[PDB]
Each structure stands twice: as C-alpha cells, then as structure tokens.
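K.L.:
What follows is a structure written as structure tokens; I'll ask about it next.
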Amino acid sequence: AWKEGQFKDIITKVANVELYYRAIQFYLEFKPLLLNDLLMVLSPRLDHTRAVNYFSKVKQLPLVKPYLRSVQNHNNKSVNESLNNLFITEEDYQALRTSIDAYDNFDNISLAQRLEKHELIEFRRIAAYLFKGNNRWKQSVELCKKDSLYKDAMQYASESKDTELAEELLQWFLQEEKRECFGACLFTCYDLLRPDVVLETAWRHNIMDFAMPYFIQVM
Amino acid sequence: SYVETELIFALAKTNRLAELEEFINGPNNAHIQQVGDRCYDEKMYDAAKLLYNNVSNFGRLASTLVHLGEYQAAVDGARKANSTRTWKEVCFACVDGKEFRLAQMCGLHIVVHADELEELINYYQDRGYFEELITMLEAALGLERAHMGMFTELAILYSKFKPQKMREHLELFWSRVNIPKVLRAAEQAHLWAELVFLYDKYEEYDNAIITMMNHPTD
Amino acid sequence: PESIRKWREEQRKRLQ
Amino acid sequence: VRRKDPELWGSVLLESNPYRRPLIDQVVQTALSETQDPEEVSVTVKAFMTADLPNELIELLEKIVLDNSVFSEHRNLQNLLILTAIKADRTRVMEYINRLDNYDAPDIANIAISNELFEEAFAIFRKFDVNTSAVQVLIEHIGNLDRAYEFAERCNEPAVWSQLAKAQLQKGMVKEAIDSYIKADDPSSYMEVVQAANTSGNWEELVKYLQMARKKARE
Amino acid sequence: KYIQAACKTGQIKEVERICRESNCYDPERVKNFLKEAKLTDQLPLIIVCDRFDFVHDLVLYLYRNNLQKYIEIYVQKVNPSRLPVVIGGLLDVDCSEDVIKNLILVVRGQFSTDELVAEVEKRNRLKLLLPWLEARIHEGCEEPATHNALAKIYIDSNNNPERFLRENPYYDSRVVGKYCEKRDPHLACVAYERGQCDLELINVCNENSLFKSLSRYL
Amino acid sequence: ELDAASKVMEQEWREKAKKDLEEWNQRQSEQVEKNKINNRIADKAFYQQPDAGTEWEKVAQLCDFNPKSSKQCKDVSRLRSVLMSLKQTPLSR
C-alpha cells in the first residue's frame, strides 16, 4: 500500500515529526533516489540537527549533500561542519571558501588545525585565513611563512595593522639573501614601519641595500 | 550637481574608471540615476555598476549584469531587488547563456505570477529547452503562492511533452486546474483515453458519451 | 534547434 | 473549537474518555482552520491550561501553529512555549529558542538558571550578545574556567575581563588576574590585589599592574 | 541668504517656520545647502522635502548617514500621512523587516491604508502588515480597508479561507474577486456571493469556471 | 499466501535497494577519483620555474601596486605607495 506520487504529498500533512524520521528510514532502506526530494519537501517541519546526526550515524552525507547545501542558508552548526567535512573529503577548496565567507557558525580553530595537516596548499591557506579571521594575529603569519614566501605573508602582516610584525619579516629578508623584496615589503607596510630604523638596519646593520624609493616617498 | 553629473558622464564616455571610482566615493553631490540611463542608452557598460553599487539600487544593476556576463551576481542582485522585471531579465539572460542551475532558482520567483508564466513559456519554446522548463515547473509544488495557471500549464506541457507522466499529475490536480484550458489541449492532442475521465470528473456526460461512442476502443 | 518539426511529426504519426 | 467554552473542555478532559488522543490528533489540525483571530485560540489555550494537560500536548500545538502559519505574533507566545519546554526538561528548548524571536530573554534566562537547565540560558545570552550575564552564571554554577577563558577571548570588553579576573581570584589564580586586568585597564580593586599579593611573593607581575594603574588612578 | 545667516548661529527653530510660510523660493538649492551644511540637529528638511515631494532621496540619505529619531519623530509629529512612502523607500534598500514591524506599531494620526497595502503588494512583502492588522481588529476597527487587506493576505497564505469569507461582511467583494480571478475562481465565487455581485458572478463564472455554482445560486 | 507474497516482494525490494545503493556508492567513488585526479593535475601544474636588471621587473611582477588596489581602505600610506609605484613604473624595460 505504498505509492510515491501520493506519499510525497501525504507525508507533509502529518501532525507529528516522528513520521518524518520514519520516512527517512524507509528511503534509506528502500529508495534513496528520492531522499533528496523527501528532505526538500519535509524541511519546513523537519529538525535538521537530528537529521544530520542520523545521517552521520548511517554515513550517508554524500547522498544528502545538496539538501545540506540548501539548508546551509539557515546557518546550522552541524550542517556547516558536515559540509566542510564533505568538501575536505572531496578535496574542494572553493566551496570551503564560500562557506567560511558566507557563514561562521562553526569551530574555525579545529578546521584550521585539520587543514594545516592535509598537505594541501589551498587547505593551509584557508587555515591561515581562518586564523587571521579569529583575531589570531602574529600567528597565522608565522604559520604561512613556511610556504608563503613569494610575497603572500607580507599581505597578512600588512592587513594585521599591528607593529613589531613587519620588522621580523625585514630581519628575515636581511639575514638570508632575500633583499629583492625588501622594497615591496617596505611599500606594503608603509603605515607600520619607521623609516629611521628601517634604513639603519637595511644599510649599516646588515648588507648595504639601497631601499631609496621608500625614503623618497617618505620625503 | 550638474557639474559633477557632466563630469561623471564625460568619464563614462572615455571609460576613466580609475578616477570615477574615487570621485563617486567622495562628496560628489551629483544627480545619481541620471547618467546610469545614458550608460545603457549609449551602450557604455562597466560604468553603471560602480554607480549602482554604492547607492544600493538593486533592480537596475541587473540590466548591466546581463550584458556583463556574470550570472551569480545577477541572482544576488535579483534576490535583493525582488522586482518582476529584474527576475525576468535575469531569467532571459540565463536562457540566452544556456544556464540552467540558476535559471530555475530565478524562475521560482517568476512562475508565481500568472502573466509572466506565458512569457517564460514563450521564451523556452523558441529556444527548445523544454526539459529545463519542466524541471523548473516541477518545483512549483514547493511554494507558498501557487495558483491555478501554474499547474494548468504544467499539465498542458505533460500532455504535450511528457505523456508518460501526465496521468499522475492529471489525477492529482484535476480539481485545481481549469476546465477549458486543459480540455482544449487534450482535444488538440487527440488523447481519447483521458478525455472521458476528465468529462466525468467535471460532469460533462454529453461530451463523455460522445467520445465513448466515437472511440470505444479504450 | 527548432524542435517543433519532430514535436508535430511524432504526435501526428502516433495519432494516425 | 467553534463554541468556545472552558467548562466543555473541563468536562471532556477528565481522562475518562479513552479517545482523548484521537481528539487531540484531530484538533491539532482543526485549530489551523479558523485563521481569523487569536481570541478563540486564547480561550482554547486557557481552557487547556486550566485542564492541566501533561507535557507534549501544548508545546506541540504551539510549534505547529507558530511555524508555517499566520499566527506568528508574540501575544503571550513567549513563555507559553519556552516555559513548557523547560518543564518538560528536553532538548526541544534549544530548537524553540533558535526558531523564535521577539521574546523576553532575561526573564526566561532567570527561570532557566533557577531550574536545572543552564546551557539554554548560555545560548540565549550568546544570541543577544550578553557576555557578562553568561560568564557570571557559568562561574557561579559550575566555574569552568576553561570555557570562560575562551568566551572572554572570543569577545572583547573590559567588563568581561574584569569578571574573568574576579573569577580567577575566586580560584586563587593571581598570575592570571594580572593578564585579565592588563587588557581591561581597570585600576579599581587594587587594594584586594595588594592584599592577595602579600600571601605569596609574586613581585614581578604586580609591577606592570601598578605601573598601568598609575596612568589611570593617581593614588 | 536669511537661511544661510541662520546657519552661522543655532536658530533651527526659526528655519522650520519660514519653510512652511514662504512659498516663493527654489527648494533645490535650499535642500542642497541643508545636506551640505550639517546642522547636527537638522529637521527643517523633513518638512519641506515632503512638501515638494523629494523624499525618494531623503529616505536614502537617512538610511545611509544615520537613522535614530528622524523618521520616528517625523511619523510621530510632523506628517504621519507619508508612512507608506517611507516604508517603500526603506524596502528599496532592503532594510531589516523587524525595524519596520516595530515602527508600524507606533500610534498614528492622519494615515491612509490603501497606500500601504499597495506598496507592500508592489514589494511582494505582504507578511509585514500582520501585526498592524491584528492590532486594528483587536481595537475594533470596522473599516473595509482593514479587512480587505487581511482577506488578500489569507488568500496569499496558501490556506483554505472559506469561513472568513462567509463570516466577515466588512471586506469588498470586488477587490477580492478581481484578485482571485486568475488565481482561484472558486473563492471568488463565494466572495461575489457574499457581496451580491451578480454581474461579476456572470463575467467570472461564464468565462472560465464551473457552471454548477451559478445553477445552484440563481 | 498474500502475506508470503508480500514478504517475497519486500525481500526483492531490499535486494534492489542494496543494488542501487552499491551503484550510487560506485558512482560517488568514481566521481571522487576523478576529482582527485584533477587535483593531482592541478598540483602538478603548480610546479613552475621561477628564481630562488630583470630583478626589479620580477619584483614588480611579484608585488605590482596596480591602481586596482584602490578597493582597499583609503589609507594615506596606501595612496603614497600607489604614487611611488606609479613613479617607479617608468623603470620597466
């Protein structure tokens, strides 16, 4: 006595919510192809947290991925975490950026600590982005310094708007032969550096670099 | 204000955005929305975008986003404008660009109206994308302001494009759809297996017995 | 692609 | 529903009729048919409250009527659902709080902290950005410094840092009470800090506290 | 020049009077100088602007710069008859709906009902007038304007509003029938039956509807 | 007999459901493998041949202060840096 063409409308007219879970179990047991439509039509009266918990207990998140992305508009913590885990599993880095830019109801620290160990450049970049968004200044810069030596950590140090941070980058560029980007680091961190000590360390204290356009703009 | 208006007009003429974006952010005190008209009148795009950005004038930015090429920003502006013309232009642009992921999303707020449904049908018939129209109208059930014409046109398209799925929709929404608009389409399709059932549902016993006598096969 | 041709032809053939 | 009469509901709801559950399962759908005015709904809910219905009978009606319907007002619809869910002592309180607005937050928070439910009041205080009333209750009831420190690190307010310093002083953490006052710039209660410093020689961190309080309270 | 001299020392109380009394000046330059020289307590513009009907930019300027008491005190004391225009202007930039729902609860003086329902229909945001209509029906307002809008909202509420049409005689059958003509004629039939609109009943049922309704009514 | 037939149909439906679940899992695994292959190709494309009077040109290419940087905050230091970049632009050879 089952007819999908009528059940898909009858299930939305019930009074309780346990029948929604019974229908979810029926679809997981017999016909998972219409589970997306069932979830989309039951969403106005379905508890998304318990649904995500059940989907994680049965491990069917890739089959409900579109419904989870649709529910993501409600900024649910469990839905956000499940979508982030699915994007990590699928080696996606664009959907992760979209999710972290649109919503923030999740633990950014744990996600960053997981992404920093996934050996991917995009994952560690997203981790540094989350760290700098969590007001963890002078920490994400040192984290990305391991790889972002091609004028990327300079941007983080500049947008940090803090002092005694770009000076460390200058000292690192002066101890090791990387004086080529010294002027770029000076220009990006103009409002965070002092020309006196910059010129002193750049000329007398270490290898005699010119760094003249910086002082020209200062004049 | 006229001075700054003519200044930004001359900047849009030579596409001097590098200083136009700075003059807009400052105390221009000009007459906004006056040069934005000449932007599309003289076919000068990429200039009205910065004009409508800082003013929050959702409804006219889509007219430039259509010719720009981006479709995500078109939907992001239409969801903020919530005007029929904006949604219709976004849907027409998505149809021109062979886009279907955002076409259904933008048409969900167009199929709500009765007159715009005919415009959508006319736009989708000349392009041949009947499957996209069917998939967009399938989501009409999951709405809060559906009317008779939507399901009527859905049943018509089922009777004309997908005969293997028209029976269920016809038996389900027989009372909601109108009588003449569906019977005329079914007669044009010459489907005698459902005309008798529809006549019996609407108590049209004369046209039912006439059809049964003229076609007693099934 | 002007699918009206097949649209009419298939239906007319089935009806005939 | 039509003939509003509290005496009728009182005479019918006496646990004598074995068909009370089908009557409830029918009235839960019949009540949506009126859709005219909340006066009849008010009379019916008053009759229900006077009949002393058990749990999972009124809060379900409120969840059905308030969501996906017209009756989304706030005329006594704040306590009628939240207090009932608290008396039921279930996880439905969090879902009701997350799916409701324009409700009196301090009163229900006080009612919750008076009862055994405390995480709901914490979520309420986090939703309305009430940091002080959350940390104070967390310290008074449980005193979990591990969560209070993270909560104070998340936000940024001198009152929150002062409350954290007071909580650390309650636990005898003089070493952290200086760091909790540097970020707050609060020169008050210095006499208590001086009295607590005499209990254990720690004249290395109090120096900075006094040097910073000198520029705030010339005593 | 007198207004300019009134800007050298604080005399804002003497500026709001001459804007209403005098009617032989150019309001363009006046409002430009007012928007340029911020008085920090300026409210002569919130009168002359609606006096010359240029509030389409005043609402935007208030939403951009600051919105604390200006529109509030305006609707309270100055002119409550322009509330729907300000609500539409605030909906143009898509502001918070809770702010508007809280502002509409404030008491009113001179006010028009049709001008607000027209704006919320143009914006397709009829879900904001529910608390105001509830307060009106609780106070005992026996006005057809306060009931026709509620009936149309119930029509758009995706429910079965049959008891409300057969029990409430306050609304107008013409508007409900014309609005529900292309959407659902089954409710328009009951509306016209309650309104005794025989000609409308003919023009609606005989065109596209069921004929048994007329057979049972006539 | 009808109950036995219903049990047989339920067993057949369970078998078909297991088959469909296996097919969906295989399709998802194939899609994940294709995505991993695409990510490996992208990581291999990341490998380039950069360095460890063209020095100034390479430094500019790395850190060009193009006027497009005006999208940031209107800081006076950023304006001075943009002016210095415009003055150094003629050094491009």
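Numbering of chain F is taken from Swiss-Prot, so the residues present carry the numbers 115-166, 188-228, in order.
So this one's electron microscopy, 6.3 Å, going by the header.
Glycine is treated like the rest: Cβ placed from N, Cα and C.
In case it's useful when we look at the structure, here is the feature table from Swiss-Prot:
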| type | residues | note |
| --- | --- | --- |
| DISULFID | F:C198-F:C208 | disulfide bond |
| MOD_RES | F:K203 | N6-acetyllysine |
| MOD_RES | F:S216 | phosphoserine |
K.L.:
I'd like the Cβ neighbour count for F:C208 (disulfide bond), meaning other Cβ atoms within 10 Å of its Cβ, all protein chains included.
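P.N.:
Cβ-Cβ neighbours of F:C208 (disulfide bond) within 10 Å number 9.
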K.L.:
Look at each of the recorded positions, F:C198, F:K203, F:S216, and point out the one with the fewest other Cβ atoms around it within 10 Å.
P.N.:
F:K203
K.L.:
To the nearest Å, how far is the Cα of F:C208 (disulfide bond) from the Cα of F:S216 (phosphoserine)?
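P.N.:
Pair distance, Cα basis, whole Å: 13 Å.
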K.L.:
Given F:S216 (phosphoserine) and F:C198 (disulfide bond), what distance in Å do their CA atoms have, once rounded to a whole number?
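P.N.:
Just about 12 Å between their Cα atoms.
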